[PDB]
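This report concerns only the one structure given below.
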Amino acid sequence: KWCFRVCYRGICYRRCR
């Protein structure tokens, strides 16, 4: 549940904003 854990702790979600 960090900045967006893009490609981690969930999945690939390029969008840290």
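By order of appearance in the structure tokens: chains A, B, ..., then residues from 1 within every chain, and ligands from 1 in the order shown.
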
(request) Please provide the set of residues having any atom within 9 Å of residue 1 in chain A, restricted to only C-alpha atoms, with same-chain residues fewer than 4 positions apart removed, written as a list in words. (result) residues 5, 9 and 10 of chain A

Include C-alpha atoms and write out the residues we just selected as a short mmCIF file (atom, residue, chain, number, x, y, z; two decimals), in the first residue's frame.
```
data_model
loop_
_atom_site.label_atom_id
_atom_site.label_comp_id
_atom_site.auth_asym_id
_atom_site.auth_seq_id
_atom_site.Cartn_x
_atom_site.Cartn_y
_atom_site.Cartn_z
CA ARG A 5 3.75 -0.80 -5.36
CA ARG A 9 2.46 -6.07 -3.51
CA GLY A 10 -0.38 -6.50 -5.97
#
```

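Residues surrounding residue 15 in chain A within 9 Å are residues 3, 4 and 6 of chain A [only C-alpha atoms; sequence separation below 6 positions excluded].
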